[PDB]
Each structure stands twice: as structure tokens, then as C-alpha cells.
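Data block for entry.cif (mmCIF, C-alpha atoms):
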data_coords
#
loop_
_atom_site.group_PDB
_atom_site.id
_atom_site.type_symbol
_atom_site.label_atom_id
_atom_site.label_comp_id
_atom_site.auth_asym_id
_atom_site.auth_seq_id
_atom_site.Cartn_x
_atom_site.Cartn_y
_atom_site.Cartn_z
ATOM 1 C CA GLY A 12 7.952 -48.705 -4.862
ATOM 2 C CA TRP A 13 9.763 -47.577 -1.718
ATOM 3 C CA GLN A 14 10.799 -43.914 -1.777
ATOM 4 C CA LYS A 15 13.652 -42.618 0.373
ATOM 5 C CA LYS A 16 12.694 -39.944 2.915
ATOM 6 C CA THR A 17 14.982 -37.289 4.339
ATOM 7 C CA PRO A 18 15.697 -35.830 6.717
ATOM 8 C CA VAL A 19 15.402 -38.902 8.983
ATOM 9 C CA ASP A 20 15.312 -36.879 12.282
ATOM 10 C CA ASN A 21 11.559 -36.273 11.831
ATOM 11 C CA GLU A 22 9.714 -36.940 15.094
ATOM 12 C CA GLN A 23 7.160 -38.996 13.164
ATOM 13 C CA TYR A 24 9.691 -41.689 12.275
ATOM 14 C CA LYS A 25 10.868 -41.890 15.900
ATOM 15 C CA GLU A 26 7.296 -42.547 17.065
ATOM 16 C CA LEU A 27 6.832 -45.260 14.411
ATOM 17 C CA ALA A 28 10.082 -46.953 15.469
ATOM 18 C CA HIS A 29 8.900 -46.858 19.105
ATOM 19 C CA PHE A 30 5.582 -48.363 18.036
ATOM 20 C CA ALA A 31 7.350 -51.164 16.178
ATOM 21 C CA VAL A 32 9.691 -52.043 18.988
ATOM 22 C CA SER A 33 6.835 -51.917 21.506
ATOM 23 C CA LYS A 34 5.478 -55.146 19.961
ATOM 24 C CA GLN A 35 8.786 -56.988 19.573
ATOM 25 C CA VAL A 36 8.880 -59.409 22.539
ATOM 26 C CA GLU A 37 10.067 -62.731 21.086
ATOM 27 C CA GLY A 38 12.626 -64.336 23.424
ATOM 28 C CA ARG A 39 12.948 -61.174 25.563
ATOM 29 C CA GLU A 40 12.518 -60.429 29.267
ATOM 30 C CA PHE A 41 12.848 -56.656 28.586
ATOM 31 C CA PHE A 42 11.602 -54.561 25.664
ATOM 32 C CA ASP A 43 14.242 -53.042 23.423
ATOM 33 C CA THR A 44 14.036 -49.300 22.788
ATOM 34 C CA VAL A 45 15.096 -46.939 20.001
ATOM 35 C CA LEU A 46 18.479 -45.196 20.078
ATOM 36 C CA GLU A 47 18.543 -43.587 16.627
ATOM 37 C CA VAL A 48 16.671 -43.704 13.332
ATOM 38 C CA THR A 49 19.116 -44.133 10.439
ATOM 39 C CA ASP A 50 16.990 -44.748 7.299
ATOM 40 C CA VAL A 51 13.377 -44.282 6.233
ATOM 41 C CA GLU A 52 11.393 -45.229 3.107
ATOM 42 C CA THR A 53 7.672 -44.952 2.394
ATOM 43 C CA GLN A 54 5.203 -46.399 -0.068
ATOM 44 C CA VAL A 55 1.484 -45.636 -0.477
ATOM 45 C CA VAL A 56 -0.593 -48.815 -0.935
ATOM 46 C CA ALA A 57 -3.652 -49.758 1.135
ATOM 47 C CA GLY A 58 -2.608 -46.797 3.312
ATOM 48 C CA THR A 59 0.854 -45.449 4.080
ATOM 49 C CA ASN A 60 3.654 -47.947 4.708
ATOM 50 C CA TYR A 61 6.904 -46.926 6.419
ATOM 51 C CA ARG A 62 10.120 -48.931 6.366
ATOM 52 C CA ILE A 63 12.286 -47.627 9.189
ATOM 53 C CA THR A 64 15.825 -48.751 10.021
ATOM 54 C CA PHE A 65 17.053 -47.955 13.507
ATOM 55 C CA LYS A 66 19.469 -48.846 16.276
ATOM 56 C CA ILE A 67 18.157 -50.461 19.448
ATOM 57 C CA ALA A 68 19.290 -51.062 23.026
ATOM 58 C CA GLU A 69 17.839 -53.201 25.795
ATOM 59 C CA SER A 70 15.354 -51.100 27.845
ATOM 60 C CA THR A 71 14.530 -50.854 31.557
ATOM 61 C CA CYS A 72 10.945 -52.130 31.007
ATOM 62 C CA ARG A 73 10.001 -55.812 31.374
ATOM 63 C CA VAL A 74 7.773 -57.306 28.672
ATOM 64 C CA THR A 75 5.039 -57.603 31.364
ATOM 65 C CA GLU A 76 4.814 -53.780 31.530
ATOM 66 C CA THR A 77 3.202 -51.302 29.119
ATOM 67 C CA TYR A 78 5.788 -49.953 26.707
ATOM 68 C CA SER A 79 6.313 -46.206 26.706
ATOM 69 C CA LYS A 80 8.903 -43.850 25.361
ATOM 70 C CA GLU A 81 8.879 -42.128 28.790
ATOM 71 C CA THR A 82 9.491 -45.275 30.861
ATOM 72 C CA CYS A 83 11.435 -47.727 28.670
ATOM 73 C CA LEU A 84 14.836 -46.085 28.756
ATOM 74 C CA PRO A 85 18.007 -47.669 27.373
ATOM 75 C CA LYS A 86 19.965 -49.583 30.036
ATOM 76 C CA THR A 87 23.218 -48.618 28.224
ATOM 77 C CA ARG A 88 24.211 -46.639 25.111
ATOM 78 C CA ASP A 89 25.611 -49.871 23.626
ATOM 79 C CA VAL A 90 23.918 -50.661 20.305
ATOM 80 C CA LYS A 91 22.324 -54.085 20.644
ATOM 81 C CA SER A 92 21.540 -54.288 16.906
ATOM 82 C CA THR A 93 20.206 -52.481 13.889
ATOM 83 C CA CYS A 94 16.655 -53.396 12.948
ATOM 84 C CA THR A 95 14.207 -52.690 10.145
ATOM 85 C CA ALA A 96 10.467 -52.561 10.659
ATOM 86 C CA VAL A 97 7.598 -51.996 8.277
ATOM 87 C CA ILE A 98 4.559 -50.233 9.740
ATOM 88 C CA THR A 99 1.270 -50.098 7.819
ATOM 89 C CA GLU A 100 -1.133 -47.244 8.599
ATOM 90 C CA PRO A 101 -4.453 -48.045 6.846
ATOM 91 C CA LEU A 102 -6.609 -45.113 5.832
ATOM 92 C CA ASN A 103 -9.440 -46.121 8.111
ATOM 93 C CA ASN A 104 -8.318 -49.155 10.189
ATOM 94 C CA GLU A 105 -5.822 -49.687 13.059
ATOM 95 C CA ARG A 106 -2.124 -49.478 12.219
ATOM 96 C CA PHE A 107 0.027 -52.572 12.634
ATOM 97 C CA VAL A 108 3.546 -53.887 12.264
ATOM 98 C CA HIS A 109 3.897 -55.652 8.913
ATOM 99 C CA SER A 110 7.396 -57.003 9.548
ATOM 100 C CA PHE A 111 10.387 -56.676 11.910
ATOM 101 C CA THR A 112 13.937 -58.010 11.432
ATOM 102 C CA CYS A 113 17.344 -57.307 13.001
ATOM 103 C CA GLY A 114 20.951 -57.923 12.005
#
Can you dump the structure from the file as C-alpha cells?
Amino acid sequence: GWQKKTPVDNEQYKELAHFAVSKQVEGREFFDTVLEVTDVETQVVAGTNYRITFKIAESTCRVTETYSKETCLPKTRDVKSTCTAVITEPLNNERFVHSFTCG
């Protein structure tokens, strides 16, 4: 099943959280961005799957721009919500977001 990973400050998990949030546009005029990764689990099945819990804030980038870590900066340090995404990285196909939910 899902195995807990620590420490959670690994740059890899940051990048995966940025990837997830880069595709989350429902009902938004601006992308959200990642403030902090709080929890990470992984599971190997049809590739590597990562379940990453993280805090988000509204970003400076409109959803009609390309999302980037360098350009989509938090408008404030206020936590908008805490979200959990699952990212699937197939062995030899394109990665994708399996699921995304927020409190």
C-alpha cells in the first residue's frame, strides 16, 4: 500500500506538488501555488505513485498563462487550503495527475 516518506523537504516532492497544482484550474482565474509540503506517501504500481499533501496560496499567474515555479508566486502568505494530490509516473509513458482534492 502507501508507504510514508520522510523527510518531506525533498526537492522532488516540491516539484511534484508544483506539477499537480499547475493543472488545477477548475473555477479559478489564477493558478494556486505551493507554500509547503507537509506529508508524502508512495506506492509502486504501474510506475511510481506519489500522494503529496501540501498548503497552497493563490498565485500571481492567470490560468491563461503557462504555470511556472519561477513566475507563479504566492500573492500572500495566507494559506488558502491544504490539498492532496496523487501523481502517477509510468515507467515509460507521460506522468499525469491521478487525483486532486482540497479541504
Per-residue nearest contacts of stretch 36-55 of chain A to stretch 68-89 of chain A (7 Å; all atoms listed in the file) as a tab-separated table:
residue	atom	partner	partner_atom	distance
A:36	CA	A:74	CA	6.6
A:40	CA	A:73	CA	5.7
A:41	CA	A:73	CA	4.1
A:42	CA	A:70	CA	5.6
A:43	CA	A:69	CA	4.3
A:44	CA	A:70	CA	5.5
A:45	CA	A:68	CA	6.6
A:46	CA	A:68	CA	6.6
Check: So how far away is atom CA of residue A:93 from atom CA of residue A:58, in Å?
Finding: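 Between atom CA of residue A:58 and atom CA of residue A:93 the gap is 25.8 Å.
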Around all the atoms of stretch 12-29 of chain A listed in the file, with 6 Å of room on each side, what axis-aligned box do you get, giving centre and edge lengths in Å to one decimal, as AutoDock Vina command-line options?
--center_x 11.3 --center_y -42.3 --center_z 7.1 --size_x 20.9 --size_y 24.9 --size_z 36.0
Next item on the list: Mind giving me the straight-line distance from atom CA of residue A:14 to atom CA of residue A:27 in Å, one decimal?
Entry: 16.7 Å
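Residue nearest residue A:62 within the list A:111, A:38, A:29, A:102: A:111 [criterion: smallest interatomic distance, only C-alpha atoms].
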Note to self: With the PyMOL selection byres ((chain A and resi 49-55) around 8) as the selection, what would be picked from this file? Answer as an MDAnalysis selection string, please.
What the structure shows: chainID A and resid 12:17 19 24 47:48 56:66
Would you output that residue set with C-alpha atoms, as a compact mmCIF listing (two decimals), in the coordinates of the input?
# COMPACT_ATOMS: atom_id res chain seq x y z
CA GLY A 12 7.95 -48.70 -4.86
CA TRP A 13 9.76 -47.58 -1.72
CA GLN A 14 10.80 -43.91 -1.78
CA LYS A 15 13.65 -42.62 0.37
CA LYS A 16 12.69 -39.94 2.92
CA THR A 17 14.98 -37.29 4.34
CA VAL A 19 15.40 -38.90 8.98
CA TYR A 24 9.69 -41.69 12.28
CA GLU A 47 18.54 -43.59 16.63
CA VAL A 48 16.67 -43.70 13.33
CA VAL A 56 -0.59 -48.82 -0.94
CA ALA A 57 -3.65 -49.76 1.14
CA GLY A 58 -2.61 -46.80 3.31
CA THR A 59 0.85 -45.45 4.08
CA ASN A 60 3.65 -47.95 4.71
CA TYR A 61 6.90 -46.93 6.42
CA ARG A 62 10.12 -48.93 6.37
CA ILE A 63 12.29 -47.63 9.19
CA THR A 64 15.82 -48.75 10.02
CA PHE A 65 17.05 -47.96 13.51
CA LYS A 66 19.47 -48.85 16.28
Notebook entry, point to check: atom CA of residue A:30 and atom CA of residue A:106, how far apart in Å?
Noted result: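 Here the two named atoms are 9.7 Å from each other.
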